[PDB]
Amino acid sequence: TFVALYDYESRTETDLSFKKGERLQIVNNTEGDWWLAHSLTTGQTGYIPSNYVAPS
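Counting starts from 1 on each chain and follows the sequence as written, independent of the entry's numbering; residues without coordinates are not shown. Note that the side-chain values use all heavy atoms of the structure and ignore hydrogens as well as water.

### Considerations on the overall build of the protein chain
Inference 1: Counting its regular elements, the protein chain contains zero helices and five strands.
Inference 2: Radius of gyration here is computed from C-alpha atoms only, and the compact-globule reference equals 2.2 Å multiplied by the residue count raised to the power 0.38. Over its C-alpha trace the protein chain gives a radius of gyration of 10 Å, about what one expects of a compact globule, namely 10 Å for 56 residues.
Inference 3: Considered along the principal axes of its C-alpha atoms, the protein chain spans approximately 25 × 20 × 20 Å.
Inference 4: Each residue gets one of three labels from its accessible area relative to the maximum for its type: buried under 20%, exposed over 50%, partly exposed in between, using a 1.4 Å probe on protein chains only. For the protein chain, the proportion of its 56 residues judged to be buried stands at 30%.
Inference 5: Should any heavy atoms of two residues lie within 4.5 Å, those residues are counted as being in contact. Looking at the protein chain alone, contacts between residues at least 24 apart form 39% of all its contacts between residues at least 6 apart.
Inference 6: Shrake-Rupley sampling with a 1.4 Å probe provides the accessible areas, and residues are treated as covered by the protein chains on show and by no other component. Within the structure as shown, the protein chain displays about 4200 Å² of accessible surface, and the carbon and sulfur contribution to it stands at 48%.
Inference 7: Residues scored as charged are limited to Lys and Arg (positive) and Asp and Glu (negative), so that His and the chain ends carry no count. By convention, charge coordinates are those of NZ in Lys, CZ in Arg, CG in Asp, or CD in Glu. Side chains of the protein chain carry 4 positive and 7 negative charges; the gap between the two charge centres is 10 Å. Runs of E in the DSSP output that reach at least two residues are strands. Runs of H or I that reach at least four are helices, and both are numbered from the N terminus.

### Side note on the nonpolar core
Inference 1: Of all hydrophobic cores here, the largest spans nine residues; its members are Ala4, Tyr8, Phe18, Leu24, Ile26, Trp35, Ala37, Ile48 and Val53.
Inference 2: If near-sequence neighbours (up to four positions away) are discounted, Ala37 is found in contact with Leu24, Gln25, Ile26, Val27, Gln44, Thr45, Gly46 and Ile48. Residues belong to one nonpolar core when they are buried, are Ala, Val, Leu, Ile, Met, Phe, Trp, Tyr or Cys, and are joined through side-chain atoms within 4.5 Å.

### Some details on the packing of aromatic side chains
Inference 1: The aromatic pairing rule takes the rings of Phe, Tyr and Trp, using the six-membered ring of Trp, and pairs them if the centres are within 6.5 Å, calling planes under 30 degrees apart stacked, those over 60 edge-to-face and the rest tilted. Across all of its chains, the model carries five aromatic pairs by this definition.
Inference 2: When the ring of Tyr6 is compared with that of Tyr52, the centres are 5.2 Å apart and the planes differ by 45°; the resulting orientation is tilted. Of this pair, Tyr6 sits in the loop between β1 (3–4) and β2 (25–26) while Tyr52 sits in the loop between β4 (45–49) and β5 (53–54); the two residues are 46 residues apart in sequence, bridging distant segments of the chain.
Inference 3: Looking at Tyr52, the relative accessible area reads 27%, which means it is partly exposed.
Inference 4: When the centroid spacing of 5.6 Å and the interplanar angle of 45° are considered together, the rings of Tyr8 and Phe18 count as tilted.

### A few points about unusual backbone geometry
Inference 1: A positive phi is found at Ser56, a non-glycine position, where the angle reads about 50°.
Inference 2: Looking at the secondary structure, you find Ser56 in the segment after β5.

Dropping the structure here:
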């Protein structure tokens, strides 16, 4: 239940670019780095930077 703080602008297709206010099921998350997120739709993955996301 996190929120996209900023509109992460990924350059590779791997990282899924999200928007401030999009749904993202955060997966792992150790130190402020680059945790991965999974959308609750088809089952895609996207390395979302922790600096661009935040718990509500």
